[PDB]
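Trainee:
2 protein chains.
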Amino acid sequence: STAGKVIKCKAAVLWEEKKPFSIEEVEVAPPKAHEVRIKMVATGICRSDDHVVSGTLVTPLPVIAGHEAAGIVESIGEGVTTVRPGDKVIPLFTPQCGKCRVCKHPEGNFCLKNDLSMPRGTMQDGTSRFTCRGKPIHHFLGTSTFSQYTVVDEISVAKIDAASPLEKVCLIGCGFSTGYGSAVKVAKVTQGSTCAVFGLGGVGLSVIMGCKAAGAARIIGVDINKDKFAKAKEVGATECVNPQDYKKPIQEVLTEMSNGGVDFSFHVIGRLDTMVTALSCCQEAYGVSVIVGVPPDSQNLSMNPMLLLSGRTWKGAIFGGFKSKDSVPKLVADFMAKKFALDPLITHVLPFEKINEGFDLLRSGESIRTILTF
Amino acid sequence: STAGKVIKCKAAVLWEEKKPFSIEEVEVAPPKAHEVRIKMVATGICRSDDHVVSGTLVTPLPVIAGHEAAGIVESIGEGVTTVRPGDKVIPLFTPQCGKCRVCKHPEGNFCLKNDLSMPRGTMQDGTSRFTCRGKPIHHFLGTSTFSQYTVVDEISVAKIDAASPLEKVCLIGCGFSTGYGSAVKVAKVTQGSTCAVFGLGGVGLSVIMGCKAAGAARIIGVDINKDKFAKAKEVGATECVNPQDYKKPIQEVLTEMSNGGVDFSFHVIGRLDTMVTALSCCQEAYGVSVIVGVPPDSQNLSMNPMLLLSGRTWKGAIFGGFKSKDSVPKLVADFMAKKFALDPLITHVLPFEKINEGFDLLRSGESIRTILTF
Ligand SMILES: CC(C)(COP(=O)(O)OP(=O)(O)OC[C@H]1O[C@@H](n2cnc3c(N)ncnc32)[C@H](O)[C@@H]1O)[C@@H](O)C(=O)NCCC(=O)NCCS
Ligand SMILES: CC(C)(COP(=O)(O)OP(=O)(O)OC[C@H]1O[C@@H](n2cnc3c(N)ncnc32)[C@H](O)[C@@H]1O)[C@@H](O)C(=O)NCCC(=O)NCCS
Ligand SMILES: [Zn+2]
Ligand SMILES: [Zn+2]
Ligand SMILES: [Zn+2]
Ligand SMILES: [Zn+2]
Numbered sequence: 001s002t003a004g005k006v007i008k009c010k011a012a013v014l015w016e017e018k019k020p021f022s023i024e025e026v027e028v029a030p031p032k033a034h035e036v037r038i039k040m041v042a043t044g045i046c047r048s049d050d051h052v053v054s055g056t057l058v059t060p061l062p063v064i065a066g067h068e069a070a071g072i073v074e075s076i077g078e079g080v081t082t083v084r085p086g087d088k089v090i091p092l093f094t095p096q097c098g099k100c101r102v103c104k105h106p107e108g109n110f111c112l113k114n115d116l117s118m119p120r121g122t123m124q125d126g127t128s129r130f131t132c133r134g135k136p137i138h139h140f141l142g143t144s145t146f147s148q149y150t151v152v153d154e155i156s157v158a159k160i161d162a163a164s165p166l167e168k169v170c171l172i173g174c175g176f177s178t179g180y181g182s183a184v185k186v187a188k189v190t191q192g193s194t195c196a197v198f199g200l201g202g203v204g205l206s207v208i209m210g211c212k213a214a215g216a217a218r219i220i221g222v223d224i225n226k227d228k229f230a231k232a233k234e235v236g237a238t239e240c241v242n243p244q245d246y247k248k249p250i251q252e253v254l255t256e257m258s259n260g261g262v263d264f265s266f267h268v269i270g271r272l273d274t275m276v277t278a279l280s281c282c283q284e285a286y287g288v289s290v291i292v293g294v295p296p297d298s299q300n301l302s303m304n305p306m307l308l309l310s311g312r313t314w315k316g317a318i319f320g321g322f323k324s325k326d327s328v329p330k331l332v333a334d335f336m337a338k339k340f341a342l343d344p345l346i347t348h349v350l351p352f353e354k355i356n357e358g359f360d361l362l363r364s365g366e367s368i369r370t371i372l373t374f
Numbered sequence: 375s376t377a378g379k380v381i382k383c384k385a386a387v388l389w390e391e392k393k394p395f396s397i398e399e400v401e402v403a404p405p406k407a408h409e410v411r412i413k414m415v416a417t418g419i420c421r422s423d424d425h426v427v428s429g430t431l432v433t434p435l436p437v438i439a440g441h442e443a444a445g446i447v448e449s450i451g452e453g454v455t456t457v458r459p460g461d462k463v464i465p466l467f468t469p470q471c472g473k474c475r476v477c478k479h480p481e482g483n484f485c486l487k488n489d490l491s492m493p494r495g496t497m498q499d500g501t502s503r504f505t506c507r508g509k510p511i512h513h514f515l516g517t518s519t520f521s522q523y524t525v526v527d528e529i530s531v532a533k534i535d536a537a538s539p540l541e542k543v544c545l546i547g548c549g550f551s552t553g554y555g556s557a558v559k560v561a562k563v564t565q566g567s568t569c570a571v572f573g574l575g576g577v578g579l580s581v582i583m584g585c586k587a588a589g590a591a592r593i594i595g596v597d598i599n600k601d602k603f604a605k606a607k608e609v610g611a612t613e614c615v616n617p618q619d620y621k622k623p624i625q626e627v628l629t630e631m632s633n634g635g636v637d638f639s640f641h642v643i644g645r646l647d648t649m650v651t652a653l654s655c656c657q658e659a660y661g662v663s664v665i666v667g668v669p670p671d672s673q674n675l676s677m678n679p680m681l682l683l684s685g686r687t688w689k690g691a692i693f694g695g696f697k698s699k700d701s702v703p704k705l706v707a708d709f710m711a712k713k714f715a716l717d718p719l720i721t722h723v724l725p726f727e728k729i730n731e732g733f734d735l736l737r738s739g740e741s742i743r744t745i746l747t748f
């Protein structure tokens with residue numbers, strides 16, 4: 001019915017920074033060559049979406065935000081070969097073009113067609129598929145999932161198992177994969193190792209799941225909020241520490257606990273002043289520290305490079321280091337085989353039209369993840 | 375034979391900071407259990423030795439410095455099994471005890487018995503083998519090579535090829551191995567890659583040698599002293615750039631030269647304000663930057679963690695990442711098999727008693743390496 005025609009639907013438009021989302025009637029254009037229009041099924045609310053609201057993730061406004069989601073293909077443009085109408089799909093906020101120097105590299109995943117480094121808020125062709133009362137609305141990270149229908153470039157969508165429960169596997173689009181890959185792909189946590197995870201939100205919980213899957217002997221969760229500890233232990237933490245409970249700095253506490261430093265540390269907080277702590281607690285000769293979270297308006301930190309000169313490695317990644325289009329379908333197949341659970345991450349489910357309530361849950365710290373259902 | 379008896383010989387004692395070396399008659403005690411007394415044949419003058427003079431590498435004084443050297447075993451203490459009198463040896467400023475968690479780790483080489491982290495200036499047993507008119511003199515890094523005879527712990531000496539030229543292979547004791555391993559061991563430079571080397575002293579030249587050995591397609595030398603360029607190009611640099619020649623910051627120049635960043639970058643200068651440049655010039659998704667050189671009085675550097683979040687790796691090492699006792703003999707065997715050259719690193723040779731003239735050459739920037747011969 002709808003192929004080749006404009007669809008009128010509802011979307012959450014952000015007209016201006018520091019305002020609530022507005023549920024608007026929007027027009028969604030049909031897909032052009034190598035583009036895919038998706039009926040959204042479920043979308044998560046992630047911190048990066050809230051950073052758009054706060055104006056600390058700078059991207060052009062007005063905008064349809066949302067980047068962690070799952071849906072069903074409504075139609076495909078000319079030349080699309082990797083998905084068909086009816087297929088379940090996850091939009092990829094980190095694309096996989098397959099052609100740039102990063103996509104061709106065995107260890108790179110931050111494809112040069114991404115819209116995260118210098119956001120333009122468009123499709124790959126420099127235009128938008130959304131209007132509201134005639135006014136063009138920007139895309140966000142090539143995804144724009146806070147809409148009943150979106151249009152994405154082929155390089156920014158993966159086909160997934162037809163039997164997938166979309167209201168769970170949407171987390172594979174951002175938070176789960178970010179944390180899980182930080183452990184299994186970026187750090188390559190080893191069997192028998194000791195890990196420290198700084199921050200026990202949904203992404204840090206996913207980091208734990210990854211360390212556990214990799215066979216870590218010890219997984220030390222670190223959070224200032226002791227309410228986060230029970231879920232951390234449920235998904236794999238062997239122990240949890242609150243820096244506020246100790247009369248010395250937590251890097252010293254962790255180095256003592258680990259008999260001279262941990263094998264792997266992960267920084268999973270949108271804060272600067274915890275990053276050098278996380279680096280320093282790994283063993284000085286062979287420890288590895290991974291940066292997963294950063295504040296959005298990120299300033300410089302202060303550190304002593306002798307922390308690296310002894311043999312430490314410090315690295316980060318986007319999207320868990322996973323080549324996105326190769327990996328997302330594989331992560332879904334693993335979920336279907338019960339290799340990991342997503343239910344512990346999902347604290348709240350709301351209809352889409354309650355998007356503002358979902359953000360209020362995020363800002364208050366009450367949610368791990370809220371999933372919006374269309 | 376001198377075995378089992380005190381040796382009276384000459385050594386260069388540093389009595390106080392910021393003074394010339396004094397050539398003194400010293401008494402060298404015989405080796406105790408698990409110790410080895412070595413007749414020095416040649417010793418290099420390295421920047422770290424001069425930092426001892428400056429008072430910026432803190433180690434107890436008075437001291438016999440010197441850590442890059444080669445000699446012949448004069449005698450062995452009780453229980454020594456890995457060297458015999460008459461053997462050619464290189465003292466190891468980074469020990470290999472073989473027992474600590476680092477020695478046991480596949481990737482670690484900064485053995486916990488080292489005297490670099492918190493120098494005490496003694497033998498492993500907490501005592502000294504040196505006296506100068508009855509006054510005890512400190513050891514340096516468990517080596518003290520600025521003496522006609524020294525005593526070292528067995529975990530700080532390696533047996534090398536009986537046929538090796540000691541006046542060349544002494545470089546394997548610090549400068550050569552540091553730069554070469556930074557490339558082949560720490561960074562693991564790949565065939566066809568683009569490397570950037572910051573600092574074209576002896577260690578930066580050895581980095582270049584390692585990158586060439588690894589099959590790098592482009593090796594960009596960076597130095598503020600253009601007199602260092604010709605030798606850099608002799609040993610493998612494809613081009614050299616002087617930051618003083620450019621209006622833009624050199625990370626921008628190098629990113630443009632390399633069409634979006636280099637594969638590997640190396641920081642080989644005792645200065646802080648070049649380290650973030652070196653990290654930033656590597657490709658943002660898969661670039662690796664290695665810290666080889668640091669200033670001794672090292673303060674905190676300012677950096678933005680967003681440089682790592684895109685996928686860059688930042689790491690450092692001591693002694694090129696080589697497990698020292700395992701690797702030094704193999705490096706000497708490679709040299710004897712003509713797998714690399716050391717002559718390009720040796721710019722000056724002086725008799726030992728002209729040590730202060732050798733430090734003048736280092737301080738002025740005139741030398742790459744001076745070797746002292748006994
Ligand atoms: C932080 C990231 C990974 C989101 O993680 P997550 O959703 O788990 O964050 P969340 O705020 O819910 O959790 C953070 C946790 O840190 C804890 N925390 C806060 N301060 C501290 C502290 N001083 N010590 C320990 N824990 C702390 C909080 O109590 C909380 O439990 C994300 O926002 C981020 O920064 N990503 C960077 C990469 C990126 O921008 N990718 C683009 C797509 S999102
Ligand atoms: C710097 C190290 C590696 C010694 O290297 P090397 O002998 O090659 O040093 P050297 O001073 O000769 O050369 C440094 C070169 O940097 C160049 N340089 C100086 N400033 C700049 C600049 N702004 N940009 C580019 N090049 C510069 C100099 O002109 C010089 O050619 C060493 O001192 C060090 O810091 N090692 C750290 C590890 C350690 O302490 N190990 C213990 C045993 S040494
Ligand atoms: Zn790409
Ligand atoms: Zn996200
Ligand atoms: Zn050891
Ligand atoms: Zn040295």
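From first to last, the protein sequence lines are chains A and B.
The first sequence: position 165 = 165 (the working numbering), numbered continuously.
The second sequence: position 252 = 626 (the working numbering), numbered continuously.
Note that beta-carbon positions come from the ideal geometry of N, C-alpha and C, so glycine has one too.
#1: In chain order, what residues of the same chain lie with their CB nearer than 7 Å to the CB of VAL73 of chain A, ignoring the 5 residues before and after it?
#2: Within a Cβ cutoff of 6 Å, which residues of the same chain sit near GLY287 of chain A, ignoring the five residues on either side of it in sequence?
#3: Looking at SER663 of chain B and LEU675 of chain B, is the spacing between their C-beta atoms short of 7 Å?
#4: Could you name the residues of the stretch 309 to 338 of chain A whose beta carbon sits closer than 8 Å to any beta carbon of chain B, in the order they occur along the chain?
#5: In chain A, which residues lie less than 8 Å from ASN674 of chain B when you measure between Cβ atoms?
#6: Measure the beta-carbon distance from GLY549 of chain B to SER580 of chain B and round it to whole angstroms, keeping in mind my assumption that it falls under 8 Å.
#7: What residue does the beta strand (DSSP E) around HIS267 of chain A start on, and which one ends it?
#8: Closer than 7 Å, Cβ to any Cβ of chain A: which residues of the stretch 534 to 563 of chain B, in chain order?
#9: Name the DSSP bridge partner or partners of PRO465 of chain B?
#10: Taking the straight line between their C-alpha atoms, what separation do you get for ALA385 of chain B and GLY547 of chain B?
#11: Among residues of its own chain, excluding the 5 on either side of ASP334 of chain A, which ones have a beta-carbon nearer than 7 Å to its beta-carbon?
#12: Going by DSSP, what residue range makes up the alpha helix (DSSP H) through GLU167 of chain A?
#13: For chain A, check one thing: does any of its Cβ atoms lie closer than 7 Å to the Cβ of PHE484 of chain B?
#14: For the candidate residues B:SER530, B:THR629, B:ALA444, B:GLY516, whose alpha-carbon lies nearest to that of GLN470 of chain B?
#15: Taking 6 Å as the cut-off, is the C-beta of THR648 of chain B nearer than that to any heavy atom in ligand 2?
#16: Where are the beta strand (DSSP E) runs, 3 residues long or more, that stay fully inside the stretch 384 to 470 of chain B, in chain order?
#17: Bridge partners of residue 783 of chain B, per DSSP?
#18: Whole angstroms are fine: how far does the CA of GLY179 of chain A sit from the CA of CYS211 of chain A?
#19: Who are the neighbours of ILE269 of chain A on chain B, taking C-beta pairs under 9 Å?
#20: Cβ closer than 8 Å: which chain A residues qualify as neighbours of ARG475 of chain B?
#21: The alpha helix (DSSP H) spanning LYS509 of chain B covers which residue range?
#22: When you compare the CB positions of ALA65 of chain A and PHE130 of chain A, do they come within less than 7 Å of one another, or not?
#23: Enumerated in chain order, which unbroken segments of the alpha helix (DSSP H) with a length of 4 residues or greater are wholly contained in the stretch 678 to 725 of chain B?
#24: Spatial neighbours of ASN616 of chain B within its chain, please: C-beta separation below 7 Å, excluding the five flanking residues on both sides.
#25: Would you say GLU481 of chain B lies against chain A (beta-carbon separation less than 7 Å)?
#26: Does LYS247 of chain A come out as helix, strand or coil in the three-state DSSP assignment?
#27: For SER551 of chain B, does the three-state DSSP call read helix, strand or coil?
#28: Along the alpha helix (DSSP H) that carries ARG369 of chain A, what are the first and last residues, could you check?
#29: By how many angstroms is the C-alpha of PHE640 of chain B removed from the C-alpha of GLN673 of chain B?
#30: Hey, out of B:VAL642, B:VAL723, B:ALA403, whose CA is closest to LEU540 of chain B's CA?
#31: Taking residue 380 of chain A as the reference, give the member of A:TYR149, A:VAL292, A:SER310 with the closest Cα.
#32: Kindly list the residues whose CB is nearer than 8 Å to the CB of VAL6 of chain A, restricted to its own chain and excluding five residues on each side of it in sequence; keep chain order.
#33: Name the chain A residues whose beta carbon is nearer than 8 Å to that of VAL571 of chain B?
#34: At a cut-off of 6 Å, would you count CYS471 of chain B as near ligand 5, judging by its Cβ distance to the nearest heavy atom?
#35: Could you compute how far the alpha carbon of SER567 of chain B sits from the alpha carbon of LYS104 of chain A?
#36: Would you grab the beta carbon distance between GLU25 of chain A and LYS8 of chain A for me? Rounded to a whole angstrom, and I think it's under 8 Å.
Mentor: Working from what's here:
#1: Correct list, in chain order: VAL36, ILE38, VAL83, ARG84, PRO85, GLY86, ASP87, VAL89.
#2: So the qualifying residues of the chain are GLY261, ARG312.
#3: Using a Cβ distance threshold of 7 Å, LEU675 of chain B and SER663 of chain B do not count as a contacting pair.
#4: If the cut-off is 8 Å between Cβ atoms, the stretch 309 to 338 of chain A has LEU309, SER310, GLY311, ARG312, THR313, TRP314, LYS315, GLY316, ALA317, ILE318, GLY321 near chain B.
#5: What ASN674 of chain B touches in chain A, judged by beta-carbon distance under 8 Å, is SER302, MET303, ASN304, going in chain order.
#6: That pair is a contact at about 6 Å.
#7: Element bounds for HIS267 of chain A: 264 to 267.
#8: Residues of the stretch 534 to 563 of chain B that bring their beta carbon within less than 7 Å of a beta carbon in chain A are absent altogether.
#9: Beta-bridge annotation (DSSP): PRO465 of chain B is paired with B:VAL531.
#10: Each residue's alpha carbon lies about 19 Å from the other.
#11: Contacts found: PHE340.
#12: Under the DSSP assignment, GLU167 of chain A falls in the alpha helix (DSSP H) whose first and last residues are 166 to 169.
#13: The beta carbon of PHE484 of chain B falls within 7 Å of a beta carbon belonging to chain A, placing the residue at that interface.
#14: Nearest option by C-alpha distance: B:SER530.
#15: Ligand 2 approaches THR648 of chain B closely enough that one of its heavy atoms is under 6 Å from the residue's Cβ.
#16: Qualifying beta strand (DSSP E) stretches, in chain order: 396 to 402, 409 to 418, 442 to 450, 462 to 465.
#17: Residue 783 of chain B is absent from the structure shown; chain B starts at 375 and stops at 748.
#18: If I take the Cα positions, the gap works out to 10 Å.
#19: From the beta-carbon of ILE269 of chain A, no residue of chain B is found nearer than 9 Å; the closest lies around 12 Å away.
#20: In chain order: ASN259, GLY260, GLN283.
#21: Per DSSP, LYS509 of chain B belongs to no alpha helix (DSSP H); it is in the beta strand (DSSP E), 509 to 511.
#22: With respect to the 7 Å criterion, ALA65 of chain A and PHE130 of chain A are not classified as neighbours on the basis of their beta carbons.
#23: The qualifying runs are 680 to 683, 698 to 710.
#24: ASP597, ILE598, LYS600.
#25: It does: the Cβ of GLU481 of chain B has a partner Cβ on chain A nearer than 7 Å.
#26: In the structure shown, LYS247 of chain A sits in coil (DSSP, three-state: anything other than H, G, I, E or B).
#27: Of the three classes helix, strand and coil, the one that applies to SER551 of chain B here is helix, per DSSP.
#28: Careful: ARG369 of chain A lies outside any alpha helix (DSSP H), inside the beta strand (DSSP E) at 369 to 373.
#29: Those two C-alpha atoms are separated by around 20 Å.
#30: When the alpha-carbon of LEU540 of chain B is set against those of B:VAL642, B:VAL723, B:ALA403, the nearest one is in B:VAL723.
#31: For residue 380 of chain A there is no data in the structure shown, the boundaries of chain A being 1 and 374.
#32: Result list for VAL6 of chain A: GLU27, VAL28, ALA29, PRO30, in chain order.
#33: Scanning chain A for C-beta atoms nearer than 8 Å to the C-beta of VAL571 of chain B yields nothing, as the closest lies near 17 Å away.
#34: Result yes, Cβ under 6 Å from ligand 5.
#35: Their Cα atoms are separated by approximately 14 Å.
#36: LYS8 of chain A and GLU25 of chain A do touch by the CB rule: their CB atoms are close to 6 Å apart, below 8 Å.
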